[PDB]
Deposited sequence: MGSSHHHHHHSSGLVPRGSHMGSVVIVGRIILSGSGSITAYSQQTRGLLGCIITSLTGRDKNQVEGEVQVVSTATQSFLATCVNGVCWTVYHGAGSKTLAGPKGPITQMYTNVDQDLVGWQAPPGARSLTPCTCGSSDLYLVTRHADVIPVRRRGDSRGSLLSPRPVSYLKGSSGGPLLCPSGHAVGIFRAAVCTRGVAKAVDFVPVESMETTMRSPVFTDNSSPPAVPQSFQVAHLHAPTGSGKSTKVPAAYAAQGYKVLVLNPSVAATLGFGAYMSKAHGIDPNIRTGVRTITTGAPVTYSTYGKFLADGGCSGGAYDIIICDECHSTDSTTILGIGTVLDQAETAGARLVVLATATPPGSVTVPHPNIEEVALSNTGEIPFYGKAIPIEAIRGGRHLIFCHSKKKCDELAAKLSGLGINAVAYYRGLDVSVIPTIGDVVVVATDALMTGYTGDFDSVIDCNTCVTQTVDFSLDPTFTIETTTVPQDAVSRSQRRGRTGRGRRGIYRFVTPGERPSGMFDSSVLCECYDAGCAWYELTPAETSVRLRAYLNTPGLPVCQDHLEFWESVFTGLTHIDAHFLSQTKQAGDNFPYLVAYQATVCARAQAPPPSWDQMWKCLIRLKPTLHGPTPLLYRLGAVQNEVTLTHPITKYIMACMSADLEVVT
């Protein structure tokens, strides 16, 4: 679907009123055709996707809005879908060429500090500017008041535009200030390349640089280019999110480039003396980051990956590499932020229909599509993998489930098979398939600052984004002609990640890498300070403050949550430690709390609840000092998108 104009905010000796020009049906049809002929009028449009409504503001002949609302979508237009003229993920800013009829606001120059924000309800909220991109509300408002107003203008008294509203800054759910994208970031954006060539690995600079490398897998970004640098005499570390991929580089590089490299993973180390080393991010973090003077070049492969181990790992590289004598960090990926999936010449993509014997996410798979050959079906959950593999086995189709916690030997590697997998596949197993059948959904964790009493870390199912679709689809088509079958053409915006992943970084710092909360922050700051990598909200101080108060964890409980391999081992074992020491029960008896089972006979009363990591079945008390500490941390300024 295209983004679709559904109304406009008409400005005036500053007043505002709204007009709605389209209902739900109009909006849906136009989104799908991308053809919109209605008259366009005004500086501020009210726009909508199928999932969301927000604002867009025309400036210098460009219709600007927020990346978090529009992603990389086309805008419905009179001559059809209008491709974005500008996509600046780093600034949460996108732009379309304004169609005829749209009027622009002119940049505010005088440089006033009394500002006015125009909401989707056509209120005019006075704001006092502070920095380049922040303004304090004269009258604090509940945050819900600003939702749907992303993209709306911040105006000076003359009525010229300072920027566009992008996010509220909250204290316990009350918007005290607002974050905006200034008009100078728009101008900068208007002068950036039509297409920057990033497909060429850079030459080694005289002094430290950070370079991007955008190219497909099979391009040789992780094999050909390290070899080339090695031939020139450089030492080079290659970092990858997958244990299986990393191990795979050793036999491949020996055979293909006559280099038997150093290989480093949690489960296996090989030191050959070679000038090229492949390592996982996790093992790099375990080894303590950059070895003094060891490498000239660090290639951060699959740098689009937004698991916490990758984020902290790259952040560590960016904080440590220059000081460690390296000359060149390369952030390499085939799918950078803002990317969209395009047709692949070697992959035929066919939508599932309802015809077929095997039900699948509301559609159907014909048995003939999978009866023989080697096929991969991506499901969002363990449980769905188990049920579908059972169904297929019951029909006598050779089928196996793969997900985190299973050994990869469940395979086979050769012969007919239907592999029914989660995304754990993309790191546990390197092979390709004759076809991929994709549910087009995934599980992700999201933080909710729920104040009940503190925060909640929630597991949710969401539509895949352009990175998930392209990486799932890419398990077919490499050196064979492939087929990609799908439930829905949907595709969320690529390149953004949740604050709960930042929380996981501090968790893993504490649990695995002996990092103090403050050292994790330094490394993440270096990542946050780096354009062209995936984007998140700036919640470093908030999470640092939470983990800073979590002292004297019980070593034993921690070792058990680590061994068990589930998410947030530090927060889980830290809750367990509070419970055990207060002689009180855990929030429930789900397997998350199993390190406490031996104490079940003696644990009683309400749970000293710190935070919510699942269902809370027991009664809760709020009297524990740590709970009070974590509640005070909730008063921190928090960016939240509107």
| property | result |
| --- | --- |
| Segments lacking C-alpha coordinates (deposited sequence numbering, starting at 1) | 1-21, 34-36 |
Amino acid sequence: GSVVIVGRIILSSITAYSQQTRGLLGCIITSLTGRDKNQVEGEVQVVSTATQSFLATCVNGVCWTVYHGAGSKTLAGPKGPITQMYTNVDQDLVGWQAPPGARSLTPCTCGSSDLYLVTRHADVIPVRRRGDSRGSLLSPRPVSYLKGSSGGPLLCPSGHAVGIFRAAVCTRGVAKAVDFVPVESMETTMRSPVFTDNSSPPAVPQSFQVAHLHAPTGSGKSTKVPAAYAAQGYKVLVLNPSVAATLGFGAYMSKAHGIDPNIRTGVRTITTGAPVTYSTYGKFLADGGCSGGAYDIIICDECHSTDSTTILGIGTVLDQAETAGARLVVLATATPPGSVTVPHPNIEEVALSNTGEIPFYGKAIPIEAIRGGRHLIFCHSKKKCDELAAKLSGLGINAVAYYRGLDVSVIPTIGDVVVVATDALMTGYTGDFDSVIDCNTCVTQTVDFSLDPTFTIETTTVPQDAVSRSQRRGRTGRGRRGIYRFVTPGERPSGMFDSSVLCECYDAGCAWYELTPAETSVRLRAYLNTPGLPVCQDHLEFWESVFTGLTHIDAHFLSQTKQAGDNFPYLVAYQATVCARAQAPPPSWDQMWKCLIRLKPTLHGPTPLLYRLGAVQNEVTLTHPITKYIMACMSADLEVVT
From here on, numbers count along this sequence of modelled residues.
property: Comparing 187-195 with 234-242, the one whose average Cα B-factor in the PDB entry is higher; result: 187-195
property: Segment of higher mean CA temperature factor, 482-490 or 207-215; result: 207-215
property: Largest Cα B-factor, entry values, listed residues 428, 477, 495, 80; result: 80
property: Most elevated Cα B-factor in the entry, residues 617, 39, 31, 577; result: 39
property: B-factor third for the C-alpha atom of residue 12 within its chain; result: highest
property: Residue 621 CA temperature factor, ranked by third within the chain; result: lowest
property: CA B-factor placement of residue 573, once the chain's modelled residues are sorted into thirds; result: lowest
property: Residue 612, C-alpha B-factor rank within chain (lowest, middle or highest third); result: lowest
property: Assigned third (lowest, middle, highest) for the C-alpha B factor of residue 156; result: highest
